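A.B. asks:
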Amino acid sequence: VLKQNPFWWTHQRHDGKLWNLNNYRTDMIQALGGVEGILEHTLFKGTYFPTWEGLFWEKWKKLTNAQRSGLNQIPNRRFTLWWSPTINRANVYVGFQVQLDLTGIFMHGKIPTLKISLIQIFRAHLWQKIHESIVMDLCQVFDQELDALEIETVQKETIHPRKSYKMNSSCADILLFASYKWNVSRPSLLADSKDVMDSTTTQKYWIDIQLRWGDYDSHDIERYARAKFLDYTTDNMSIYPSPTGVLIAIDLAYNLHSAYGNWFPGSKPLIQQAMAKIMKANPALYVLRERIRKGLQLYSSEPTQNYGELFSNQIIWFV
Amino acid sequence: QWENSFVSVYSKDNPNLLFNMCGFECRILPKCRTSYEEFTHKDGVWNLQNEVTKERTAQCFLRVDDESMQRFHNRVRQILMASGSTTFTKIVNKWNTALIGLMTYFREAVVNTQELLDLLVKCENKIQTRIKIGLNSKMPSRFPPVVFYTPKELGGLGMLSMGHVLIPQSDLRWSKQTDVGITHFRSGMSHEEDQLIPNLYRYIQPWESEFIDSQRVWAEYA
Amino acid sequence: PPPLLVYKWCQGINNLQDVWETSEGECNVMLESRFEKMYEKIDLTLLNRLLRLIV
Amino acid sequence: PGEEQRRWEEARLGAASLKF
Amino acid sequence: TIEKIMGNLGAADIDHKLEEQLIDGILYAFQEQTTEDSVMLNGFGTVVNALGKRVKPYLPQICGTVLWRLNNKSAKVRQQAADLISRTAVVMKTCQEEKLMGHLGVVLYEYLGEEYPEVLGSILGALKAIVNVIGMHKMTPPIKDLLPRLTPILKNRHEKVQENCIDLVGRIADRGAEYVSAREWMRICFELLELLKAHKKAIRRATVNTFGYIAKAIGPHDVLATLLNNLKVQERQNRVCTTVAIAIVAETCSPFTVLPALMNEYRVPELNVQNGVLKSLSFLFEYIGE
Amino acid sequence: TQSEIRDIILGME
Amino acid sequence: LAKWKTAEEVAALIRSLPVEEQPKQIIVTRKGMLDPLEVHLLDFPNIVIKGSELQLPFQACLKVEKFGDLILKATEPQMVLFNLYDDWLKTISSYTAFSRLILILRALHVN
Amino acid sequence: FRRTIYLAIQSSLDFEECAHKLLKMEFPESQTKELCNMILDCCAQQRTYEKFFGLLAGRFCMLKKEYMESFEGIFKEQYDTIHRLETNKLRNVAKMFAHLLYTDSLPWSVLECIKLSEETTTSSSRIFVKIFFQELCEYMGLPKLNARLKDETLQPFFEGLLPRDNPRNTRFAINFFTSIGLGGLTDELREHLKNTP
Amino acid sequence: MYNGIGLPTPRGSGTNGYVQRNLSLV
Amino acid sequence: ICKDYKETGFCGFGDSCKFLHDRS
Ligand SMILES: [Zn+2]
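These protein sequences, in sequence, are chains A, H, C, E, V, P, X, R, W and Z.
What the first sequence shows, in UniProt numbering, is residues 1447 to 1505, 1515 to 1759, 1766 to 1780, in sequence order.
Start counting at 1 in the second sequence, then tack on 1168, and there's your number in UniProt numbering.
Start counting at 1 in the third sequence, then tack on 946, and there's your number in UniProt numbering.
Start counting at 1 in the fourth sequence, then tack on 321, and there's your number in UniProt numbering.
Start counting at 1 in the fifth sequence, then tack on 870, and there's your number in UniProt numbering.
Start counting at 1 in the sixth sequence, then tack on 2002, and there's your number in UniProt numbering.
Start counting at 1 in the seventh sequence, then tack on 1835, and there's your number in UniProt numbering.
Start counting at 1 in the eighth sequence, then tack on 454, and there's your number in UniProt numbering.
Position 25 of the ninth sequence, counted from 1, bears residue number 25 in UniProt numbering, the numbering being contiguous throughout.
Start counting at 1 in the tenth sequence, then tack on 200, and there's your number in UniProt numbering.
(1) Which two residues bound the contiguous alpha helix (DSSP H) that contains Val-1213(H)?
(2) Taking beta-carbon pairs under 8 Å, can you tell me which members of the UniProt repeat "HEAT 8" (1010-1048) of chain V lie near chain Z?
(3) At the level of alpha carbons, what is the spacing between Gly-1492(A) and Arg-1471(A)?
(4) Can you name the residues of chain P whose CB is closer than 8 Å to the CB of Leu-1872(X)?
(5) Terminal residues of the continuous beta strand (DSSP E) containing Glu-978(C)?
(6) Just how far apart, CA to CA, sit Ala-1736(A) and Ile-1882(X)?
(7) Mind listing which residues of the region 951-964 of chain C have their C-beta closer than 7 Å to chain E's C-betas, in chain order?
(8) Looking at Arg-1224(H): is its Cβ nearer than 8 Å to the Cβ of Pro-1374(H)?
(9) Within 8 Å (strictly less), CB to CB, does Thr-9(W) reach chain H?
(10) Return yes when the Cβ of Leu-603(R) is within less than 8 Å of the Cβ of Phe-612(R), no when it is not.
(11) Any beta carbon from chain H within less than 8 Å of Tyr-18(W)'s own beta carbon?
(12) Tell me which residues pass a beta-carbon proximity test against ligand 1: closer than 5 Å to any heavy atom, given in chain order.
(13) Which residues in chain R have a C-beta closer than 9 Å to the C-beta of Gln-1766(A)? List them in chain order.
(14) Do the region 1682-1691 of chain A and the region 1544-1563 of chain A meet, that is, are 3 or more Cβ pairs less than 8 Å apart?
(15) The beta strand (DSSP E) spanning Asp-641(R) covers which residue range?
(16) Check the Cβ of residue 1398(H) against every Cβ in chain E and list those closer than 8 Å, keeping chain order.
(17) Which one or two residues does DSSP pair with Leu-1666(A) in a beta bridge?
(18) In this structure, how does DSSP classify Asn-1774(A) when only helix, strand and coil are distinguished?
(19) Which residues mark the beginning and the end of the beta strand (DSSP E) in which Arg-1641(A) is found?
(20) Provide the residue(s) that pair with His-1712(A) in DSSP beta bridges, ordered along the chain.
(21) According to the Cβ coordinates, are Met-1327(H) and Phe-1316(H) closer than 8 Å?
(22) For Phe-1879(X), does the three-state DSSP call read helix, strand or coil?
(23) Which residue wins for smallest C-alpha separation from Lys-206(Z), given the options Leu-1066(V), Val-1138(V), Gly-1005(V), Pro-1018(V)?
(24) With distances taken from CA atoms, which of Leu-1285(H), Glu-1388(H), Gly-1252(H), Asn-1280(H) is nearest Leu-1267(H)?
(25) Check the Cβ-Cβ distances between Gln-1476(A) and every residue of chain R, and say whether any is below 8 Å.
(26) Where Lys-1070(V) and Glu-325(E) are concerned, what is the direct C-alpha to C-alpha distance, given to the nearest angstrom?
(27) Hey, does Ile-1350(H) have any beta-carbon neighbour from chain W nearer than 8 Å?
(28) Indicate whether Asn-941(V) and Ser-1572(A) have their beta-carbon atoms separated by less than 8 Å.
(29) Given this structure, state the Cα-to-Cα distance separating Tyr-1136(V) from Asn-912(V), to the nearest angstrom.
(30) With 7 Å as the C-beta to C-beta threshold (strictly closer), list the residues of the region 1909-1927 of chain X near chain B in chain order.
(31) In the DSSP assignment, the alpha helix (DSSP H) including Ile-1058(V) goes from what residue to what residue?
(32) Just verifying my parser: in three-state terms, what is the DSSP assignment at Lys-926(V)?
(33) Indicate whether the contact test is met: 3 or more Cβ pairs, each with one atom in the region 1714-1721 of chain A and one in the region 1652-1665 of chain A, closer than 8 Å.
(34) Can you find a C-beta in chain A that's less than 8 Å from the C-beta of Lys-1859(X)?
(35) Compute the Euclidean distance between the alpha carbons of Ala-1847(X) and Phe-1879(X), then round it to the nearest angstrom.
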């Protein structure tokens, strides 16, 4: 036979099986960091799959064994896209930084297979469409709760068709017209409570929503929101029609969300609701997550008295 | 032919009996002869035991043969040469099989051959480098270890490793003279932090223990 | 398997009788070689006759 | 007579012997 | 029971909380499904068929369920979720599901890449049963990209996927037909020309019907030329089915357009073709009648 | 029967 | 926002808990109030969240005089812990302690 | 800590490199004793005995006296908890302490913990000492073992092992080592017994 | 101090050639 | 963006088209 057998020296039927490497996989996982340290290097969170116990990667589609075509670039493409938060990080050595075609993705070089996957994922202007769906949903929430919010008017600035993927500046998307006056605090982040809405007052409110695409090196969206807010409000090109507002930061690759700005009464709970439900409900994000999944070819195998299980050594609380 | 042969005498001047069998390079040294200093140390050493007196009477030191290192290296060379029409996972399965077939055959001659350890470092890093070259970059930070060693279930490639061990070093002059010891630790392949990547050698069980194990297991089953 | 051959060889050498003793000037010799081409100088006539003794 | 699992039980005990 | 009951009676008096627990037990039954049965399908179809427009606020719930199922590992549940979409397709819209019916549109355009015929067929079914309710002009995702994606599937040489594909393309060429370009229809004509050799007769009848539908959209001066050249083939059962197709083209686009070419082809000195001409006139006079 | 009294001792049904 | 408060306080509690009292699954009367603590417990994503389909009259604990009075005339929002199995776990089981407990809860509940 | 120790072990190639990897790490010196104890535990859990863990714990003892007294207490602990194992774990820990002894890592005083009376001897401890002394004799050889078993300078500890005062446990212990096949010491002590009355 | 330890050039070796002293030497 | 594919749904190279088959 024209091939080389590296086990020329033994036979499994006759000699038994003289090694077992099943602890190697376990201890490899414990040394890389655990499944958590391992999947923070991946596109796992941008799939929004609830947890990784269901993951399943595609258990010949057809007899062209002969034809020139050759390697089908699909297994390599899937390995490359899956790992893309690490293969495409930010803190690198040499590499000429370039914005992707119609999106807000930065590459630091040329990884053509990765660029092809990422392009095919955000086709048909999906980046701006996501911006539109998010901002529409927020306007609608305000459209409804005008009553409690003291909001006379809500103004959706007909969008500059490239505000979504311009990363160095800001128009503003939401402008809120009060009834009488809002007394407004100093700026703080969407997850902190202590807010004394006393400093100034206005009828004009602006709200910003900005999309990024994080990577392993930098996916903290809190400091993104803080830094972007300070910069964008204290710059001299951003057309903000009021010195009062907030920016909403969305991380598409890790599906995170936060915000930073000057608040007024009712805003904190209001947008907290709006964010925690738009992240879940919006159909744009759904088309995203679905193209991500179909590019990975990931599937979930998951489908869908207790007190015999309840008094166990497992603690379970009754609220 | 005398040039392809090898004859080795043991007398009152040579205490060592060296030979070279199926793939191993062995050297027997009895305790009677010039071992005033004796140790029991790293498993490269079999302890032969006189079966009637049941006392350990000599030690066999093992190494991998030179043509077996060369055969492993040429095998990796043709993994790499015929891999431009294959996927990352096929290249890594061929590497996995080659390396398992070497490590499970030799198994403690590999500990004692300081030339293998370097061979294995360079060969594993050549496989990794060809996978990087497969993408269009070799930057050391686009490809931390986690990308290669993550199992095939979490989407990694699934490499098996023996290149993250430290290579012991000691003072070339006497090292070509008198088996001096180990004072320094050169570094193996480079991991993104401490990171302590596990090792194939620690999960395969040495021969000298498998043979005792087998003796007792079959004796008691009989 | 071959590693067990190496073990049995090392273990058989060591279990010879009075093998490591050098008082009377004994000498052990270990020779190892190769038949250098046996597959290539077989003679099919002689091989026929030598097989006929067996089968 | 029906003992090819004792013609395959000293093959193992013949393979697994170590005397010197 | 419930299915028999509400199917005979109607759902007039079913009040609020009742209908809630009902819709929810419904979702459960359908996920929990562990057999290949029309039981839970028909249950669902009937129950929403009777809820009519009363169901409204649970479309996130209902779909989210169906979609998570559409993600599953085993084919069967995937196929089930495709089915259930094809049932509730109409009410999906009629409650004005912009985000949600848009969802199902684009997400199924995604799954059009499957390779389990059993799921691919059901996906095609669900897409057809969406396009029936939503006429493509107001579609968020347009057949303008669907059908171009479908044409390279017509070459899939398998009875079930071929059946369902030609069904979907026949729907589109019947009613959509104008969100596509003449050139697209011409390529699809050239692909239909070799569905006429499938081993199943449903496929071949569907193929002939769609030649008819494409007959109104594009003048047949070229499709008829490509049919005569097929008459030159041998082996009878694809000659006879091209002769049916000629009859059909002539019936839709009036017979004076095709009669001169048929008659003139009656002069090529070969047997199979003179008999093809005669058999085609047979079918033609049957189809047109008075 | 014991099942129902058990359930109502226990909770809703 | 009261649900949100519930959420953040259980969040802070799990923060405060040592390594052997951290819960494993949490069940609340309010399956409508799962979403708030669902969000708020991401600091501790180890907990299988559920709303109990087995309604427990811990509302009937507002019947007792000690619990009542303490909550009633407290002024500062705070924490207290009670161990209802006063002497029970020594001569009967946690199974039996819970059975005893449920009967008492529903007893103060209904009448 | 145990995670990091197990991983440093399972990443190295020999006991020198693993000891280096541990000492190039740092810790608070408090758990120094528990350091050795842990490697002890690890080889208890092992496939079969490889003197790797022996060698590593022995190098730690070689590095500080803290691990030497740790090992005193550890042999005390395992003689207290010897039945707590299976015979597998029993034999590997037996060859553990046998390594320790013939490595000179554990001091031959330790035998004070071994009173070879039938009533106080676990059959589990019996098997323990049998594997221990099989290894000692077949490793250091019977001449220097019987020689070291002979000299008085450690006979105070050896007294529990070599019974002369009370006769019944002399019968029992001489019978035991005879069964193990240590004829020399056994019948010398039994000749002492014969001369006794 | 390149005291007869290490590589001439850590160049095509797959390593950074970093040397250290055996901490467990005593 | 293999422009033959994108505009006309069909690339003459098939599997070997070194560009991205995409009609979006
Ligand atoms: Zn192309």
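In this text, a Cβ means the ideal position worked out from N, Cα and C, and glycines have one as well.
C.D. replies: In this structure, then:
(1) That residue, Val-1213(H), is in no alpha helix (DSSP H); its beta strand (DSSP E) goes 1213-1218.
(2) Those residues of the UniProt repeat "HEAT 8" (1010-1048) of chain V placed with their C-beta closer than 8 Å to a C-beta in chain Z are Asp-1015, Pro-1018, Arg-1019, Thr-1021, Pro-1022, ordered along the chain.
(3) So the two alpha carbons sit approximately 26 Å from each other.
(4) Simply none; closest approach about 22 Å.
(5) Start and end: 974-978.
(6) Their backbone Cα atoms lie some 23 Å apart in a straight line.
(7) Here the close residues are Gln-957, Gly-958, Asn-961.
(8) Contact: no.
(9) Not an interface residue.
(10) Yes. Within cutoff.
(11) Interface residue, yes.
(12) Ordered along the chain, the selected set is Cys-202(Z), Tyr-205(Z), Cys-211(Z), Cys-217(Z).
(13) Chain-order list of chain R residues neighbouring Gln-1766(A): empty, with the shortest C-beta distance near 38 Å, by a criterion of under 9 Å.
(14) The answer is no - the region 1544-1563 of chain A does not touch the region 1682-1691 of chain A, with fewer than three Cβ pairs under 8 Å.
(15) From DSSP, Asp-641(R) is part of no beta strand (DSSP E) but of the alpha helix (DSSP H) over 637-649.
(16) The structure shown has nothing for residue 1398(H), since chain H only spans 1169 to 1390.
(17) When beta bridges are read from the DSSP output, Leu-1666(A) appears opposite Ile-1705(A).
(18) Correct three-state label for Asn-1774(A): coil.
(19) In this chain, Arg-1641(A) is not harboured by any beta strand (DSSP E), its DSSP state being neither H nor E.
(20) Beta-bridge pairing links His-1712(A) to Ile-1705(A).
(21) Yes, Cβ-Cβ distance for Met-1327(H) and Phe-1316(H) is below 8 Å.
(22) Coil at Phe-1879(X), not helix or strand.
(23) It is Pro-1018(V) whose Cα lies nearest to the Cα of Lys-206(Z).
(24) Considering only alpha carbons, the answer is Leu-1285(H).
(25) Chain R contact via Cβ: present.
(26) Rounded to the nearest angstrom, the two C-alpha atoms are 55 Å apart.
(27) Taking CB atoms only, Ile-1350(H) has a neighbour in chain W less than 8 Å away.
(28) Note that the C-beta distance between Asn-941(V) and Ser-1572(A) is not below 8 Å.
(29) Rounded to whole angstroms, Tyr-1136(V) to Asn-912(V) spans 54 Å at the Cα level.
(30) Among the protein chains of the structure shown, namely A, H, C, E, V, P, X, R, W and Z, there is no chain B.
(31) Taken as a continuous stretch (DSSP letters only), the alpha helix (DSSP H) holding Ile-1058(V) covers 1052-1062.
(32) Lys-926(V) sits in coil when the DSSP states are folded into three classes, being neither helix nor strand.
(33) A contact exists between the region 1714-1721 of chain A and the region 1652-1665 of chain A.
(34) Cβ-Cβ to chain A under 8 Å: yes for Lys-1859(X).
(35) It is roughly 10 Å from the alpha-carbon of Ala-1847(X) to the alpha-carbon of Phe-1879(X).
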